[PDB]
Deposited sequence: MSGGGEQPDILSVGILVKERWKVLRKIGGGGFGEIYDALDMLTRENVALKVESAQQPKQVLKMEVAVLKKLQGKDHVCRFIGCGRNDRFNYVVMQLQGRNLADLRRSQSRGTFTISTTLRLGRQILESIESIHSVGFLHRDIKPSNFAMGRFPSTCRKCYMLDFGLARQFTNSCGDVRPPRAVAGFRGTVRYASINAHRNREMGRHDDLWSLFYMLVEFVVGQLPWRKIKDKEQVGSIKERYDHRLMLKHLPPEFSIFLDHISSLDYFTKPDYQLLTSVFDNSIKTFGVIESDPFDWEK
């Protein structure tokens, strides 16, 4: 690691506890007397991504489901960013459930919040490219703990130009994200688009309700991609509310050059939540 518990960054943030390992700490902000999240990277790491992370976090400021930006810096030893500290991430919350699953009520509410966050990052011109449960966390206070926050913009890519139009895709793009949640496009080393973040959301929602994905045990990235390319994704509809056939049909129709119909996808969640009688104040599974 570059830092260690106890050290002070910028005479202000005292590192207290490592919370993620990418080196991230719970730190004391001496100016506000609050615990914050501080993420650091070596100025010698070949893949340096905190520049991207700060730029996207700044672009999302003020929007829902985004940590507040607190500060950032760059020195000869490391780069760092400081942001609002959240609570438990969704991978940990699902694993803390004795059955390894969420109910459809918790799944639909989380999915709708995650969809909102994906529409927000696309609306500022960026793809997330690593949508997965450990990159989402609930708030840690009574006023935030029912809110899900999108994390980890290090692998993001701008898909618009300086003008705001969609940029021409590269012929070949390195696969950056997580094999388990990656779309077919990612596996093919094709330029990822907005629909590929939505495919990762779909896989997350299926894994929430079922507890696993079909390729859970498969570790060869090419084997996983082969399975996904041939898989009949309609089989995943079995444990989701009926309108997710509309969700799957829609994202299947998309490609790099087609903006998603976010209103349609939102309606799938809104309608399912209403049909199941789900209300926001219902306890989440971990309550």
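Quiz item: What gaps appear when the modelled C-alpha atoms are mapped onto the deposited sequence?
Solution: Sequence ranges with no C-alpha atoms are 1-8, 30-32, 299.
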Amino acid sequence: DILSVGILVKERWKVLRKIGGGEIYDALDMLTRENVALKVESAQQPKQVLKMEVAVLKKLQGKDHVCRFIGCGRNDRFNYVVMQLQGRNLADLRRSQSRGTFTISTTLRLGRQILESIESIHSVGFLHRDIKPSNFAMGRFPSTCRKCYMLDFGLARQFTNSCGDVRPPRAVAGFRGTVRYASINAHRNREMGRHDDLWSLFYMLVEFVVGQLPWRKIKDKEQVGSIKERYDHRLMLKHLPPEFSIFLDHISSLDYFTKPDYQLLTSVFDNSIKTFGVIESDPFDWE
From here on, numbers count along this sequence of modelled residues.
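Practice problem: Look over 238-246 and 215-223 in the entry and identify the one with the greater average Cα temperature factor. | Solution: Taking the mean C-alpha B-factor of 238-246 and of 215-223, the larger value falls to 215-223.
Practice problem: Give the stretch, out of 164-172 and 125-133, with the larger mean C-alpha temperature factor in the deposited entry. | Solution: Looking at the recorded C-alpha B-factors, 164-172 comes out higher on average.
Quiz item: Between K39, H65, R230, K58, which carries the biggest CA temperature factor in the record?
Solution: Of the options given, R230 has the highest CA B-factor in the PDB entry.
Quiz item: From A186, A91, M204, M138, can you pick the one with the highest C-alpha B factor in the entry?
Solution: Among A186, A91, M204, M138, the PDB entry lists the largest C-alpha B-factor for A186.
Practice problem: Name the third of the chain's ranked CA B-factors that contains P142, choosing lowest, middle or highest. | Solution: Answer is middle: the recorded C-alpha B-factor places it there.
Practice problem: Select lowest, middle or highest to describe the third in which the CA B-factor of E191 falls within its chain in this entry. | Solution: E191: CA B-factor falls in the middle third of its chain.
Self-check item: Among modelled residues of the same chain, the CA temperature factor third for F78
Solution: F78: CA B-factor falls in the highest third of its chain.
Quiz item: Once the chain's modelled residues are ordered by C-alpha B factor and cut into thirds, is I104 in the lowest, middle or highest one?
Solution: It belongs to the highest third of the chain when residues are ordered by C-alpha B-factor.
Self-check item: B-factor third for the C-alpha atom of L28 within its chain
Solution: Lowest third - that is where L28 ends up once the chain's C-alpha B-factors are sorted.
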